[PDB]
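Here is protein-v9.pdb, consisting of PDB, C-alpha atoms:
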```pdb
ATOM      1  CA  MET A   1    -167.328  85.951 -72.468  1.00  0.00           C
ATOM      2  CA  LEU A   2    -164.476  84.412 -70.513  1.00  0.00           C
ATOM      3  CA  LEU A   3    -163.951  82.166 -67.513  1.00  0.00           C
ATOM      4  CA  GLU A   4    -163.174  83.000 -63.903  1.00  0.00           C
ATOM      5  CA  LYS A   5    -161.530  81.263 -60.971  1.00  0.00           C
ATOM      6  CA  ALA A   6    -163.762  78.373 -61.965  1.00  0.00           C
ATOM      7  CA  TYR A   7    -160.568  76.861 -63.325  1.00  0.00           C
ATOM      8  CA  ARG A   8    -158.867  77.518 -60.009  1.00  0.00           C
ATOM      9  CA  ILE A   9    -158.778  76.001 -56.542  1.00  0.00           C
ATOM     10  CA  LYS A  10    -158.901  78.147 -53.427  1.00  0.00           C
ATOM     11  CA  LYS A  11    -161.113  75.893 -51.338  1.00  0.00           C
ATOM     12  CA  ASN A  12    -160.728  72.520 -49.667  1.00  0.00           C
ATOM     13  CA  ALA A  13    -163.561  70.634 -51.322  1.00  0.00           C
ATOM     14  CA  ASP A  14    -161.989  71.628 -54.617  1.00  0.00           C
ATOM     15  CA  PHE A  15    -158.757  70.175 -53.285  1.00  0.00           C
ATOM     16  CA  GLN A  16    -160.380  67.141 -51.706  1.00  0.00           C
ATOM     17  CA  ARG A  17    -162.379  66.342 -54.820  1.00  0.00           C
ATOM     18  CA  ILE A  18    -159.456  65.080 -56.867  1.00  0.00           C
ATOM     19  CA  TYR A  19    -157.911  63.584 -53.752  1.00  0.00           C
ATOM     20  CA  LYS A  20    -161.311  61.970 -53.346  1.00  0.00           C
ATOM     21  CA  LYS A  21    -161.757  59.782 -56.401  1.00  0.00           C
ATOM     22  CA  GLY A  22    -159.549  61.846 -58.678  1.00  0.00           C
ATOM     23  CA  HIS A  23    -156.903  60.044 -60.697  1.00  0.00           C
ATOM     24  CA  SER A  24    -153.471  61.114 -59.510  1.00  0.00           C
ATOM     25  CA  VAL A  25    -150.208  60.118 -61.150  1.00  0.00           C
ATOM     26  CA  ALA A  26    -146.542  60.952 -60.725  1.00  0.00           C
ATOM     27  CA  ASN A  27    -143.510  61.174 -62.981  1.00  0.00           C
ATOM     28  CA  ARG A  28    -140.287  61.193 -60.994  1.00  0.00           C
ATOM     29  CA  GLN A  29    -140.675  63.908 -58.387  1.00  0.00           C
ATOM     30  CA  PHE A  30    -143.922  65.491 -59.515  1.00  0.00           C
ATOM     31  CA  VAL A  31    -147.506  64.307 -59.242  1.00  0.00           C
ATOM     32  CA  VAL A  32    -150.665  65.656 -60.829  1.00  0.00           C
ATOM     33  CA  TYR A  33    -154.164  65.067 -59.513  1.00  0.00           C
ATOM     34  CA  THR A  34    -157.190  65.257 -61.779  1.00  0.00           C
ATOM     35  CA  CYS A  35    -160.810  64.157 -61.863  1.00  0.00           C
ATOM     36  CA  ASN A  36    -163.472  63.638 -64.504  1.00  0.00           C
ATOM     37  CA  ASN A  37    -161.528  63.181 -67.719  1.00  0.00           C
ATOM     38  CA  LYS A  38    -163.920  65.815 -69.009  1.00  0.00           C
ATOM     39  CA  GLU A  39    -166.919  66.478 -66.799  1.00  0.00           C
ATOM     40  CA  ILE A  40    -166.274  70.098 -65.898  1.00  0.00           C
ATOM     41  CA  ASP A  41    -166.070  73.485 -67.575  1.00  0.00           C
ATOM     42  CA  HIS A  42    -162.888  74.837 -66.034  1.00  0.00           C
ATOM     43  CA  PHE A  43    -159.537  73.205 -65.378  1.00  0.00           C
ATOM     44  CA  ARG A  44    -159.419  73.678 -61.625  1.00  0.00           C
ATOM     45  CA  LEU A  45    -155.793  74.738 -61.404  1.00  0.00           C
ATOM     46  CA  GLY A  46    -154.100  74.080 -58.083  1.00  0.00           C
ATOM     47  CA  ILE A  47    -150.666  74.191 -56.497  1.00  0.00           C
ATOM     48  CA  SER A  48    -149.355  71.914 -53.771  1.00  0.00           C
ATOM     49  CA  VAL A  49    -145.946  71.071 -52.360  1.00  0.00           C
ATOM     50  CA  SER A  50    -144.361  68.910 -49.687  1.00  0.00           C
ATOM     51  CA  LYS A  51    -143.128  69.801 -46.222  1.00  0.00           C
ATOM     52  CA  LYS A  52    -139.932  67.837 -46.720  1.00  0.00           C
ATOM     53  CA  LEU A  53    -139.000  69.480 -50.000  1.00  0.00           C
ATOM     54  CA  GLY A  54    -136.631  71.941 -48.372  1.00  0.00           C
ATOM     55  CA  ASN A  55    -136.865  75.710 -48.101  1.00  0.00           C
ATOM     56  CA  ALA A  56    -139.480  78.145 -49.348  1.00  0.00           C
ATOM     57  CA  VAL A  57    -137.209  78.703 -52.324  1.00  0.00           C
ATOM     58  CA  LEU A  58    -137.754  75.064 -53.211  1.00  0.00           C
ATOM     59  CA  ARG A  59    -141.502  75.127 -52.677  1.00  0.00           C
ATOM     60  CA  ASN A  60    -141.447  78.227 -54.847  1.00  0.00           C
ATOM     61  CA  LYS A  61    -139.468  77.087 -57.865  1.00  0.00           C
ATOM     62  CA  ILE A  62    -141.794  74.107 -58.050  1.00  0.00           C
ATOM     63  CA  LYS A  63    -144.571  76.681 -57.993  1.00  0.00           C
ATOM     64  CA  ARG A  64    -143.097  79.445 -60.117  1.00  0.00           C
ATOM     65  CA  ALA A  65    -141.761  77.176 -62.836  1.00  0.00           C
ATOM     66  CA  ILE A  66    -145.294  75.827 -62.683  1.00  0.00           C
ATOM     67  CA  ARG A  67    -146.935  79.237 -62.626  1.00  0.00           C
ATOM     68  CA  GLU A  68    -144.851  79.966 -65.701  1.00  0.00           C
ATOM     69  CA  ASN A  69    -145.837  76.830 -67.578  1.00  0.00           C
ATOM     70  CA  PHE A  70    -149.545  76.512 -66.884  1.00  0.00           C
ATOM     71  CA  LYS A  71    -149.556  80.110 -68.063  1.00  0.00           C
ATOM     72  CA  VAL A  72    -148.742  79.029 -71.598  1.00  0.00           C
ATOM     73  CA  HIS A  73    -150.519  75.706 -71.247  1.00  0.00           C
ATOM     74  CA  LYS A  74    -153.387  77.747 -69.859  1.00  0.00           C
ATOM     75  CA  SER A  75    -154.997  77.490 -73.274  1.00  0.00           C
ATOM     76  CA  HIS A  76    -153.729  73.934 -73.562  1.00  0.00           C
ATOM     77  CA  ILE A  77    -155.371  72.593 -70.427  1.00  0.00           C
ATOM     78  CA  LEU A  78    -158.971  71.432 -70.517  1.00  0.00           C
ATOM     79  CA  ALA A  79    -161.604  71.249 -67.805  1.00  0.00           C
ATOM     80  CA  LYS A  80    -161.061  68.170 -65.671  1.00  0.00           C
ATOM     81  CA  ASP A  81    -159.630  69.164 -62.311  1.00  0.00           C
ATOM     82  CA  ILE A  82    -155.911  69.661 -62.814  1.00  0.00           C
ATOM     83  CA  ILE A  83    -153.281  70.018 -60.115  1.00  0.00           C
ATOM     84  CA  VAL A  84    -149.563  69.487 -59.648  1.00  0.00           C
ATOM     85  CA  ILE A  85    -148.071  68.442 -56.329  1.00  0.00           C
ATOM     86  CA  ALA A  86    -144.376  68.274 -55.529  1.00  0.00           C
ATOM     87  CA  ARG A  87    -143.335  64.819 -54.382  1.00  0.00           C
ATOM     88  CA  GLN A  88    -140.378  65.957 -52.313  1.00  0.00           C
ATOM     89  CA  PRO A  89    -137.133  65.227 -54.173  1.00  0.00           C
ATOM     90  CA  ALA A  90    -138.377  67.695 -56.760  1.00  0.00           C
ATOM     91  CA  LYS A  91    -136.558  70.282 -54.680  1.00  0.00           C
ATOM     92  CA  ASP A  92    -133.360  69.446 -56.525  1.00  0.00           C
ATOM     93  CA  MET A  93    -135.255  70.526 -59.618  1.00  0.00           C
ATOM     94  CA  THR A  94    -135.146  74.066 -60.958  1.00  0.00           C
ATOM     95  CA  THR A  95    -137.207  76.486 -63.011  1.00  0.00           C
ATOM     96  CA  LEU A  96    -135.794  74.517 -65.919  1.00  0.00           C
ATOM     97  CA  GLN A  97    -136.461  71.010 -64.658  1.00  0.00           C
ATOM     98  CA  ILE A  98    -139.627  71.811 -62.744  1.00  0.00           C
ATOM     99  CA  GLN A  99    -141.021  72.828 -66.112  1.00  0.00           C
ATOM    100  CA  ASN A 100    -139.646  69.695 -67.733  1.00  0.00           C
ATOM    101  CA  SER A 101    -141.661  67.877 -65.096  1.00  0.00           C
ATOM    102  CA  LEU A 102    -145.060  68.843 -66.448  1.00  0.00           C
ATOM    103  CA  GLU A 103    -143.679  67.533 -69.719  1.00  0.00           C
ATOM    104  CA  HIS A 104    -144.389  64.120 -68.246  1.00  0.00           C
ATOM    105  CA  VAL A 105    -146.390  63.982 -65.038  1.00  0.00           C
ATOM    106  CA  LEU A 106    -148.767  66.488 -66.585  1.00  0.00           C
ATOM    107  CA  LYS A 107    -148.537  64.694 -69.911  1.00  0.00           C
ATOM    108  CA  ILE A 108    -149.874  61.781 -67.899  1.00  0.00           C
ATOM    109  CA  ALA A 109    -152.506  63.762 -66.037  1.00  0.00           C
ATOM    110  CA  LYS A 110    -154.298  63.964 -69.365  1.00  0.00           C
ATOM    111  CA  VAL A 111    -154.839  67.689 -68.969  1.00  0.00           C
ATOM    112  CA  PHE A 112    -153.738  68.092 -72.568  1.00  0.00           C
ATOM    113  CA  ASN A 113    -156.066  67.996 -75.550  1.00  0.00           C
ATOM    114  CA  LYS A 114    -153.143  66.367 -77.318  1.00  0.00           C
ATOM    115  CA  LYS A 115    -149.943  67.884 -75.982  1.00  0.00           C
ATOM    116  CA  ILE A 116    -147.959  70.081 -78.342  1.00  0.00           C
ATOM    117  CA  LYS A 117    -144.341  69.233 -79.060  1.00  0.00           C
TER     118      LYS A 117
END
```
Written form, structure tokens:
Amino acid sequence: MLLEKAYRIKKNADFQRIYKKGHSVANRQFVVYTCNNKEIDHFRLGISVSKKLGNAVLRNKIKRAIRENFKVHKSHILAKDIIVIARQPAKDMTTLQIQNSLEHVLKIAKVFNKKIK
């Protein structure tokens, strides 16, 4: 009795949804798009970056550091379309900062039942 990719995004509609009427934010160099504060049953996790960021190593760190966080916050995120896009200057960030990004942008997304300290 578990969930599937339901809490994932591999389509366009799933990516357009949030971008549709979803409520996107942005900290400093990271933005998170979400929809329906709580009208789903799986936190549609998604990953997006910019084309100005820099190299693939930049579009990766922003991903990895993210794929490393959401992993722990996996059981901290609730259903309500959740995504994290890299502004552009987030390239300067690292697996240390990139993670410290969700500590805000994400904290704003509202994809946290409360947000542990």
### Query
Which polymer residues have any atom within 6 Å of an atom of range 18-20 of chain A, counting all atoms listed in the file, with same-chain residues fewer than 5 positions away left out, as a ChimeraX atom specification?
/A:33-35
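We find CA of residue 111 in chain A and CA of residue 77 in chain A to be spaced 5.1 Å apart.
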### Message
So that I can check the surroundings of residue 85 in chain A, please list as a PyMOL selection string every protein, DNA and RNA residue that reaches within 7 Å of it, counting all atoms listed in the file and ignoring chain neighbours fewer than 3 positions away.
### Response
chain A and resi 30-32+47-49
### Task
Please measure the separation of CA of residue 84 in chain A and CA of residue 41 in chain A, giving the value in Å to one decimal.
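Here the two named atoms are 18.7 Å from each other.
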### Message
Quick check on the file I pasted: which residues fall under the PyMOL selection byres ((chain A and resi 5) around 12)? Write them as a list in words.
### Response
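Applied to this file, the PyMOL selection byres ((chain A and resi 5) around 12) selects residues 2, 3, 4, 6, 7, 8, 9, 10, 11, 14, 41, 42, 43, 44, 45 and 46 of chain A.
Minimum distance to residue 38 in chain A across A:66, A:79, A:96, A:58 (counting all atoms listed in the file) occurs at A:79.
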### Residue with smallest distance to residue 100 in chain A - pool A:74, A:114, A:87, A:28, counting all atoms listed in the file
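Ranked by minimum distance to residue 100 in chain A, first place goes to A:28.
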### Query
CA of residue 62 in chain A and CA of residue 39 in chain A are how many Å apart?
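Straight-line distance from CA of residue 62 in chain A to CA of residue 39 in chain A works out to 27.7 Å.
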### Task
Point out the residue among A:69, A:81, A:40, A:110 with the least atom-to-atom distance to residue 13 in chain A, counting only C-alpha atoms.
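Going through A:69, A:81, A:40, A:110 one by one, the smallest distance to residue 13 in chain A is for A:81.
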### Query
Out of A:72, A:102, A:93, A:65, which residue has the shortest atom-to-atom distance to residue 25 in chain A when counting only C-alpha atoms?
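That would be A:102, the residue with the smallest distance to residue 25 in chain A.
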### Message
Using all atoms listed in the file for the distances, tell me which of A:80, A:103, A:115, A:94 is nearest to residue 22 in chain A.
### Response
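Ranked by minimum distance to residue 22 in chain A, first place goes to A:80.
Proximity ranking of A:90, A:57, A:116, A:83 relative to residue 24 in chain A places A:83 first, based on all atoms listed in the file.
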What are the centre and edge lengths in Å, to one decimal, of the axis-aligned box around all listed atoms of range 52-60 of chain A with 5 Å added on each side, as AutoDock Vina command-line options?
```
--center_x -139.1 --center_y 73.3 --center_z -50.8 --size_x 14.9 --size_y 20.9 --size_z 18.1
```
